[PDB]
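Below is one structure, written out as structure tokens, with a few remarks after it.
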Amino acid sequence: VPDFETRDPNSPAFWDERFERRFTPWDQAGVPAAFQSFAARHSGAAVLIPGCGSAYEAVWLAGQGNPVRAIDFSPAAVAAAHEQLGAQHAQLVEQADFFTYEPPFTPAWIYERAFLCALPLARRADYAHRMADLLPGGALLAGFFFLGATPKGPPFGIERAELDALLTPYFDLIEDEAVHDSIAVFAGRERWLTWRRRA
Ligand SMILES: Nc1ncnc2c1ncn2[C@@H]1O[C@H](CSCC[C@H](N)C(=O)O)[C@@H](O)[C@H]1O
Ligand SMILES: [Cl-]
């Protein structure tokens with residue numbers, strides 16, 4: 001809605017400007033219900049959260065005791081995460097490029113929310129390879145996927161068939177659920193998808 005002077009979503013400065021001016025349409029202001037029920041099913045799982053933004057989910061996982069690393073290449077995003085994490089859990093977030101970052105553990109679960117749809121279309125192929133590289137066979141890429149093409153972006157919507165073309169060479173779809181606490185921008189568009197890394 002506002003007039004931003006950064007336009008390249010590949011740049012951390014792009015996301016800085018949105019956080020800095022308080023224009024963050026994607027922000028849930030909390031932990032989504034489906035994240036909570038999925039995480040309860042995988043209480044021991046080591047979790048990577050790329051493009052974590054405010055990182056509400058990392059605070060929640062800290063309370064459940066999962067190993068977790070949340071990363072965001074945006075300084076303003078990491079400042080937002082620190083506000084949520086406080087000094088107590090600040091070490092769970094790092095300012096890092098998802099496409100460069102090596103986690104200090106092998107993830108059992110990489111949690112997706114409003115990250116794939118933050119990426120320019122040209123970064124989608126990298127996303128798939130990176131997820132496949134990070135996840136061993138049987139491990140999970142699971143979270144909220146923003147389905148259906150959009151005219152502009154971000155958020156860049158993705159057609160179901162294009163998402164298949166991206167992930168099925170590496171993942172089997174094993175869950176596709178309606179979401180019952182979605183915010184306006186994602187209402188009726190996001191779904192919870194669980195992808196299992198192929199062996
Ligand atoms: N290559 C990259 N590595 C790490 N973070 C990235 C990234 N590309 C985009 N991002 C980050 O992804 C975020 C998209 S906004 C989504 C934030 C959060 N996942 C939420 O659900 O609320 C921004 O904070 C941006 O800085
Ligand atoms: Cl986003």
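Simple scheme: letters A, B, ... for chains in structure tokens order, numbers from 1 for residues in each chain, numbers from 1 for ligands in the order shown.
Near ligand 2, at a distance of at most 10 Å and with only C-alpha atoms and all ligand atoms counted, sit the residues residues 9, 15, 24, 25, 26, 27, 51, 52, 53, 113, 114, 115, 116, 117, 118, 119, 146, 153, 154, 155 and 156 of chain A.
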Residue list (strand (DSSP E or B), DSSP) for range 74-189 of chain A, as a compact mmCIF listing (two decimals) with N, CA and C atoms, in the first residue's frame:
```txt
# COMPACT_ATOMS: atom_id res chain seq x y z
N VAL A 93 18.16 -17.26 17.31
CA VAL A 93 18.08 -16.59 16.02
C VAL A 93 19.47 -16.15 15.59
N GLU A 94 19.75 -16.28 14.29
CA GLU A 94 20.98 -15.74 13.71
C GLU A 94 20.62 -14.95 12.47
N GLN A 95 21.35 -13.86 12.23
CA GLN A 95 21.23 -13.16 10.96
C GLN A 95 22.02 -13.97 9.94
N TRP A 109 13.07 -31.26 10.79
CA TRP A 109 11.91 -30.53 10.31
C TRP A 109 12.37 -29.13 9.95
N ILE A 110 12.11 -28.72 8.72
CA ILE A 110 12.29 -27.34 8.30
C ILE A 110 10.90 -26.73 8.18
N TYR A 111 10.63 -25.71 8.99
CA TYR A 111 9.32 -25.09 9.06
C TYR A 111 9.23 -23.93 8.08
N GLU A 112 8.22 -23.96 7.23
CA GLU A 112 7.96 -22.97 6.20
C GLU A 112 6.79 -22.09 6.63
N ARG A 113 7.00 -20.78 6.70
CA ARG A 113 5.85 -19.87 6.72
C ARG A 113 6.26 -18.58 6.04
N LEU A 140 11.37 -33.81 7.25
CA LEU A 140 10.16 -33.12 6.83
C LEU A 140 10.41 -31.66 6.48
N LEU A 141 9.84 -31.24 5.37
CA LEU A 141 9.64 -29.82 5.06
C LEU A 141 8.16 -29.58 5.23
N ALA A 142 7.78 -28.77 6.23
CA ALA A 142 6.36 -28.72 6.56
C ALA A 142 6.00 -27.33 7.06
N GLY A 143 4.88 -26.82 6.58
CA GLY A 143 4.42 -25.53 7.06
C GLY A 143 3.36 -24.96 6.15
N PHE A 144 3.28 -23.64 6.14
CA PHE A 144 2.22 -22.94 5.42
C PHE A 144 2.71 -22.56 4.04
N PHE A 145 2.02 -23.03 3.01
CA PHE A 145 2.35 -22.71 1.63
C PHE A 145 1.23 -21.86 1.05
N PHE A 146 1.62 -20.81 0.35
CA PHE A 146 0.71 -19.77 -0.14
C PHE A 146 0.38 -20.13 -1.59
N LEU A 147 -0.80 -20.73 -1.81
CA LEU A 147 -1.09 -21.39 -3.08
C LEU A 147 -1.92 -20.51 -4.01
N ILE A 158 2.17 -19.55 -5.46
CA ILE A 158 2.65 -20.61 -6.34
C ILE A 158 1.48 -21.53 -6.69
N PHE A 171 10.67 -34.78 -2.69
CA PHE A 171 9.76 -34.92 -1.56
C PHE A 171 8.48 -35.61 -2.03
N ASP A 172 7.87 -36.36 -1.12
CA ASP A 172 6.51 -36.85 -1.29
C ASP A 172 5.56 -35.98 -0.47
N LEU A 173 4.46 -35.55 -1.07
CA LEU A 173 3.45 -34.86 -0.27
C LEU A 173 2.73 -35.86 0.62
N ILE A 174 2.69 -35.60 1.93
CA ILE A 174 1.98 -36.52 2.82
C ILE A 174 0.88 -35.86 3.64
N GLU A 175 0.71 -34.54 3.54
CA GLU A 175 -0.32 -33.85 4.30
C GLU A 175 -0.69 -32.58 3.54
N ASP A 176 -2.00 -32.29 3.45
CA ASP A 176 -2.46 -31.04 2.82
C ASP A 176 -3.74 -30.63 3.54
N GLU A 177 -3.64 -29.66 4.45
CA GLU A 177 -4.73 -29.36 5.37
C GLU A 177 -5.19 -27.91 5.26
```
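Counting only C-alpha atoms and all ligand atoms, the residue from A:148, A:32, A:104, A:136 that sits nearest to ligand 1 is A:32.
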Could you check how far CA of residue 5 in chain A sits from CA of residue 99 in chain A, in Å to one decimal?
25.2 Å
Write out as a ChimeraX atom specification the residues lying within 10 Å of residue 130 in chain A, counting only C-alpha atoms and excluding same-chain residues fewer than 6 positions away.
/A:98-100,124
Can you list, as a PyMOL selection string, every residue of range 19-185 of chain A that DSSP puts in helix (DSSP H, G or I)?
chain A and resi 19-20+33-41+56-64+75-92+116-118+121-134+160-167+184-185
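The shortest atom-to-atom distance to ligand 1, with only C-alpha atoms and all ligand atoms taken into account, belongs to A:57 out of A:83, A:102, A:159, A:57.
Between CA of residue 34 in chain A and CA of residue 66 in chain A there is a distance of 16.6 Å.
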Separation of CA of residue 4 in chain A and CA of residue 122 in chain A, in Å?
21.8 Å
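Comparing A:39, A:80, A:46, A:62 by their smallest distance to ligand 1, the closest is A:80 (using only C-alpha atoms and all ligand atoms).
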Quick one: everything within 12 Å of range 86-90 of chain A, counting only C-alpha atoms, minus sequence neighbours fewer than 2 positions away in the same chain. Send it as a PDB file with C-alpha atoms, in the first residue's frame.
```pdb
ATOM      1  CA  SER A  54       9.503 -12.094  14.140  1.00  0.00           C
ATOM      2  CA  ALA A  55      10.150 -15.784  14.964  1.00  0.00           C
ATOM      3  CA  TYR A  56       7.050 -16.320  17.134  1.00  0.00           C
ATOM      4  CA  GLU A  57       7.385 -20.031  16.403  1.00  0.00           C
ATOM      5  CA  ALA A  58      10.961 -20.136  17.719  1.00  0.00           C
ATOM      6  CA  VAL A  59       9.811 -18.796  21.092  1.00  0.00           C
ATOM      7  CA  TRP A  60       7.096 -21.456  21.183  1.00  0.00           C
ATOM      8  CA  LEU A  61       9.572 -24.230  20.331  1.00  0.00           C
ATOM      9  CA  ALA A  62      11.973 -22.949  22.997  1.00  0.00           C
ATOM     10  CA  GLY A  63       9.157 -23.593  25.479  1.00  0.00           C
ATOM     11  CA  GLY A  65      12.376 -27.889  24.266  1.00  0.00           C
ATOM     12  CA  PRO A  67      16.458 -27.811  19.268  1.00  0.00           C
ATOM     13  CA  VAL A  68      15.725 -24.846  17.002  1.00  0.00           C
ATOM     14  CA  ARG A  69      17.581 -22.336  14.858  1.00  0.00           C
ATOM     15  CA  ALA A  70      15.730 -19.445  13.264  1.00  0.00           C
ATOM     16  CA  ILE A  71      17.521 -17.417  10.606  1.00  0.00           C
ATOM     17  CA  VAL A  78      16.397 -10.164  13.404  1.00  0.00           C
ATOM     18  CA  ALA A  79      15.683  -7.149  15.616  1.00  0.00           C
ATOM     19  CA  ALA A  80      11.994  -8.118  15.539  1.00  0.00           C
ATOM     20  CA  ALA A  81      12.939 -11.680  16.491  1.00  0.00           C
ATOM     21  CA  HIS A  82      15.084 -10.425  19.378  1.00  0.00           C
ATOM     22  CA  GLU A  83      12.116  -8.438  20.661  1.00  0.00           C
ATOM     23  CA  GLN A  84      10.110 -11.685  20.827  1.00  0.00           C
ATOM     24  CA  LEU A  92      18.048 -19.179  18.849  1.00  0.00           C
ATOM     25  CA  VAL A  93      18.083 -16.592  16.019  1.00  0.00           C
ATOM     26  CA  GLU A  94      20.975 -15.744  13.713  1.00  0.00           C
ATOM     27  CA  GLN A  95      21.232 -13.160  10.958  1.00  0.00           C
TER      28      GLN A  95
END
```
Could you check which of A:41, A:180, A:198, A:22 is closest to residue 132 in chain A, using only C-alpha atoms?
A:198
Can you pull out the residues contacting residue 188 in chain A? Cut-off 9 Å, using only C-alpha atoms, and skip same-chain residues under 6 positions away; I want them as a PyMOL selection string.
chain A and resi 147+178-179+182
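For residue 125 in chain A, the set of protein, DNA and RNA residues having any atom at most 10 Å away, when counting only C-alpha atoms and skipping those fewer than 3 positions along the same chain, is residues 121, 122, 128, 129, 130, 165, 166 and 167 of chain A.
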